[PDB]
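Down below is the structure, laid out as structure tokens.
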Amino acid sequence: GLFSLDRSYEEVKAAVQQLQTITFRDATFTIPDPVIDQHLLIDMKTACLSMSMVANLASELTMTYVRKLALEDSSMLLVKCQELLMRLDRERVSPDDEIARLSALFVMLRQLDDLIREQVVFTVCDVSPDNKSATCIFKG
Amino acid sequence: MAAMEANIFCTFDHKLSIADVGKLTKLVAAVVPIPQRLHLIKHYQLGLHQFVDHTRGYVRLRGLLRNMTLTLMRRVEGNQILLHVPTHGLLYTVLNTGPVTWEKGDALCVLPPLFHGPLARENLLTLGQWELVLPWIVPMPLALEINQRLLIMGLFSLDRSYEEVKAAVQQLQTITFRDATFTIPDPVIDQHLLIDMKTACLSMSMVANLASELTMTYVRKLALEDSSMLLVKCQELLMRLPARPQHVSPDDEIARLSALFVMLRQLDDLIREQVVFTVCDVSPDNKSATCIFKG
Amino acid sequence: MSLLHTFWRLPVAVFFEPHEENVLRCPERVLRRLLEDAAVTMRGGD
């Protein structure tokens, strides 16, 4: 989905064809491309847009808080965190708007929640030539 | 030693009245927390009242309630109470007590009680400066909103004036959800919120460091060739500023995405409450529901 | 001026008792006193 806007180049299309084929236990199959009719469907569009927005909001917001909280941090971990943020900076607001951006970051994370994690529903214990079936215990 | 008890009998070490036993009978099928499983316990260890304290923090109360044991109320006898600690995955009948509407099919969470409207109801059990405050069973969206707003208050408090933080806390306090408004009591920035702030800062910084230029530039590229209320709204929330992508490697991209998924799970767990029940029924008066216990 | 070059660009607040890890704390008063005492010892040192 993220590559969906660079599909004019052959390098990108080869990248997608590599993404598309997957290999597992003695089987290979090709998953369908989320781009059909040259444009990306609205649900995948929202998933990608939310991912990119949470990344972008973190990139700008986190430094201000990391400075202040790293001053206090007895773990000496947040100082290293601020150092890493300074590094990524080097490679390249009204209070209500700060509230708005923090709310946006967390709402985008909630938008990602469906994809970020998936539930286990069974665990397997049975083997046969009949492999079409197995016995499993159910999990909710 | 002694195996863990499932059915727990509770006795009131206080002269009960008729009205006390009545408003105690109304609580059948309610979920009450207890700190210690024992066959016969005393009523002092019933509910949240033992934990209310001069600290007055809401986050402290949430943290204390998380580690408690949840049990369901069974039939009431004169001055005696029976509680049953549920098993995972079974079906149970659950009563709601907070004025928050439930819907058929949503997830439920345990959080300390809020206050609603005029705060006109306090006719619960009082017995000699003891109270039966039960926790609120709320659907997941409201729980996420509460935790998110507490974390946002805490983060905003850093390097903002005392009065600026006052105004922000005032506005973030008030939540509207399913056409009813609730207010958080006592949002207080203790150390319990300070740990959450520290991990939120670390998680955001690791997200920013892990996110690739493809991930960053998707929003910008979409804005150049697509337009919608979603996009214009989210870009209005954002800073202001063809050609080929200069680095392309699916294997690097998937490794980076997997690590970023771990970090995004780290950040989500701050606002994400543990589901205790899943609903599939509502009484049309919305007083009770039949639920699957998830603990 | 900046006579020490450090790999890290930010310093950290160091905890724990001095018997766990080595730290070079010394105020300038102590250093000046030590320097002059060493000078007189060197004077005390065909």
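Just so it is clear, none of the values below were taken in a lab; they were calculated from the coordinates. Cβ: placed from backbone, ideal geometry, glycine included. Neighbour counts: every protein chain shown.
Picking from A:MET86, A:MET108, which residue would you name as being out of contact with any helix residue (DSSP H, G or I) (no Cβ under 6 Å at 6 or more places or on another chain) and among the aliphatic types (A, V, I, L, M)? Walk me through how you get there before you give the answer.
Values: A:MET108 fails: out of contact with any helix residue (DSSP H, G or I) (no Cβ under 6 Å at 6 or more places or on another chain).
Unique residue meeting the criteria: A:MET86.
For segment B:224-238, indicate whether the set of residues that are more than 10 Å from chain A (Cβ to nearest Cβ) and under 30 Å from A:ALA14 (Cα atoms) is non-empty. Explain how you work it out, then say what you get.
At the first step, the residues of segment B:224-238 found to be more than 10 Å from chain A (Cβ to nearest Cβ) are B:227, B:229, B:232.
Next, only the ones that are under 30 Å from A:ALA14 (Cα atoms) stay: B:227.
Checked segment B:224-238: at least one residue is more than 10 Å from chain A (Cβ to nearest Cβ) and under 30 Å from A:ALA14 (Cα atoms).
May I ask you to verify whether A:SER74 is more than 8 Å from chain B (Cβ to nearest Cβ), in a loop (DSSP other than H, G, I, E, B), within 22 Å of B:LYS198 (Cα to Cα) and not aromatic (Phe, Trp, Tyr)? Talk me through it step by step, then tell me what you get.
On the way: more than 8 Å from chain B (Cβ to nearest Cβ): yes; in a loop (DSSP other than H, G, I, E, B): yes; within 22 Å of B:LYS198 (Cα to Cα): yes; not aromatic (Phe, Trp, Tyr): yes.
Yes; evaluated as a whole, the condition is true for this residue.
Answer with yes or no whether A:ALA47 is small (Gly, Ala, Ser) and surrounded by fewer than 21 Cβ atoms within 10 Å (Cβ to Cβ).
yes
Which one is farthest from B:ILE8 (Cα to Cα) among residues in segment B:32-49 that are in a helix (DSSP H, G or I) and over 20 Å from the mean Cα position of the chain (by Cα)? Talk me through it step by step, then tell me what you get.
Initially, segment B:32-49 is screened for residues in a helix (DSSP H, G or I), giving B:43-45, B:49.
Now restrict to residues that are over 20 Å from the mean Cα position of the chain (by Cα): B:43-45.
Details: B:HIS43: 12, B:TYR44: 14, B:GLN45: 12 Å.
Within segment B:32-49, the match that is farthest from B:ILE8 (Cα to Cα) is B:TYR44.
All but one of (1) more than 7 Å from every other protein chain (Cβ to nearest Cβ); (2) closer than 14 Å to B:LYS198 by Cα hold for A:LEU57; which doesn't?
(2)
Within segment B:198-225, take every residue that is among the aliphatic types (A, V, I, L, M) and surrounded by fewer than 18 Cβ atoms within 10 Å (Cβ to Cβ) and give me the one that is nearest to A:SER103 (Cα to Cα). So that I can check it myself, show each step before the final result.
So the first thing to find is which residues in segment B:198-225 are among the aliphatic types (A, V, I, L, M), and the list is B:200, B:202, B:204, B:206-208, B:210-211, B:214, B:216, B:219, B:222-224.
From the residues that got through so far, the ones that are surrounded by fewer than 18 Cβ atoms within 10 Å (Cβ to Cβ) too are B:216, B:223-224.
On the way: B:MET216: 19, B:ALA223: 21, B:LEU224: 25 Å.
The residue in question is B:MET216.
Check off (1) of a type in the set (D, E, K, R); (2) assigned to a helix (DSSP H, G or I); (3) in contact with a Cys (Cβ under 7 Å, 6 or more places away or on another chain) for B:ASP269 and give me the number that stays unchecked.
With (1) of a type in the set (D, E, K, R); (2) assigned to a helix (DSSP H, G or I); (3) in contact with a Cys (Cβ under 7 Å, 6 or more places away or on another chain) applied to B:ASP269, the lone miss is (3).
Can you tell me which residues in segment B:1-23 are assigned to a strand (DSSP E or B) and either of a type in the set (S, T, N, Q) or over 19 Å from B:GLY47 (Cα atoms) (or both)? Outline the logic, then answer.
Step one: list which residues in segment B:1-23 are assigned to a strand (DSSP E or B), which gives B:7-11.
Within segment B:1-23, B:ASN7, B:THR11 qualify.
Could you tell me which residue of segment A:60-71 is surrounded by the fewest Cβ atoms within 10 Å (Cβ to Cβ), considering only residues that are among the hydrophobic types (A, V, I, L, M, F, W, C) and more than 7 Å from chain B (Cβ to nearest Cβ)?
Kept after step one, since they are among the hydrophobic types (A, V, I, L, M, F, W, C), are these residues of segment A:60-71: A:61, A:63, A:66, A:69-71.
Among the residues that remain, those that are also more than 7 Å from chain B (Cβ to nearest Cβ) are: A:63, A:70-71.
Working: A:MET63: 19, A:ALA70: 24, A:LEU71: 12.
Ranking the candidates gives A:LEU71 first.
For segment A:109-136, name all the residues that are of a type outside the set (S, T, N, Q), in a helix (DSSP H, G or I) and more than 8 Å from chain B (Cβ to nearest Cβ). Can you show your working first?
Start the filter on segment A:109-136 by keeping residues that are of a type outside the set (S, T, N, Q), which leaves A:109-110, A:112-118, A:120-122, A:124-127, A:129-130, A:132, A:134, A:136.
Narrowing the set further to residues that are in a helix (DSSP H, G or I) leaves A:109-110, A:112-116.
Residues satisfying the conditions are A:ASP114, A:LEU115.
Considering each residue of chain C, count those that are assigned to a helix (DSSP H, G or I) and either of a type in the set (A, V, I, L, M, F, W, C) or touching a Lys or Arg at 6+ places or on another chain (Cβ under 9 Å) (or both), and give that number.
8
If A:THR30 satisfies every condition in (1) facing chain B (nearest Cβ under 10 Å); (2) in contact with a strand residue (DSSP E or B) (Cβ under 9 Å, 6 or more places away or on another chain) but one, which is the exception?
Unmet for A:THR30, out of (1) facing chain B (nearest Cβ under 10 Å); (2) in contact with a strand residue (DSSP E or B) (Cβ under 9 Å, 6 or more places away or on another chain): (1).
Are there any pairs, at least 6 apart or on different chains, whose C-beta atoms fall under 7 Å, with the first in segment B:243-266 and facing another protein chain (nearest Cβ under 9 Å) and the second β-branched (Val, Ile, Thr) and assigned to a helix (DSSP H, G or I), and if so, which?
What qualifies is B:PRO245/A:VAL12; B:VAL248/A:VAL12; B:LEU260/B:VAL207; B:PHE261/A:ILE116; B:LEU264/A:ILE116; B:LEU264/B:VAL207; B:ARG265/A:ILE116.
For segment B:232-249, name all the residues that are part of a helix (DSSP H, G or I) and surrounded by fewer than 16 Cβ atoms within 10 Å (Cβ to Cβ).
Hits for segment B:232-249 are B:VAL232, B:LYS233, B:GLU236.
Every residue in segment B:1-23 that is of a type in the set (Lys, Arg) and farther than 20 Å from B:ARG74 by Cβ, please. Spell out the reasoning first.
Taking segment B:1-23 and keeping what is of a type in the set (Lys, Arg), we get B:15, B:23.
B:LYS15 - this is the single residue of segment B:1-23 that is of a type in the set (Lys, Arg) and farther than 20 Å from B:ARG74 by Cβ.
What do you reckon, is B:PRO86 within 21 Å of the chain's Cα centre (by Cα), assigned to a loop (DSSP other than H, G, I, E, B) and on the phi < 0 side of the Ramachandran plot? Show your work before the answer.
Details: within 21 Å of the chain's Cα centre (by Cα): yes; assigned to a loop (DSSP other than H, G, I, E, B): yes; on the phi < 0 side of the Ramachandran plot: yes.
For B:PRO86, the condition - within 21 Å of the chain's Cα centre (by Cα), assigned to a loop (DSSP other than H, G, I, E, B) and on the phi < 0 side of the Ramachandran plot - is met.
Which count do you get for residues in segment B:195-223 that are more than 8 Å from chain A (Cβ to nearest Cβ), more than 30 Å from the chain's Cα centre (by Cα) and aliphatic (A, V, I, L, M)?
Of the residues in segment B:195-223, 1 are more than 8 Å from chain A (Cβ to nearest Cβ), more than 30 Å from the chain's Cα centre (by Cα) and aliphatic (A, V, I, L, M).
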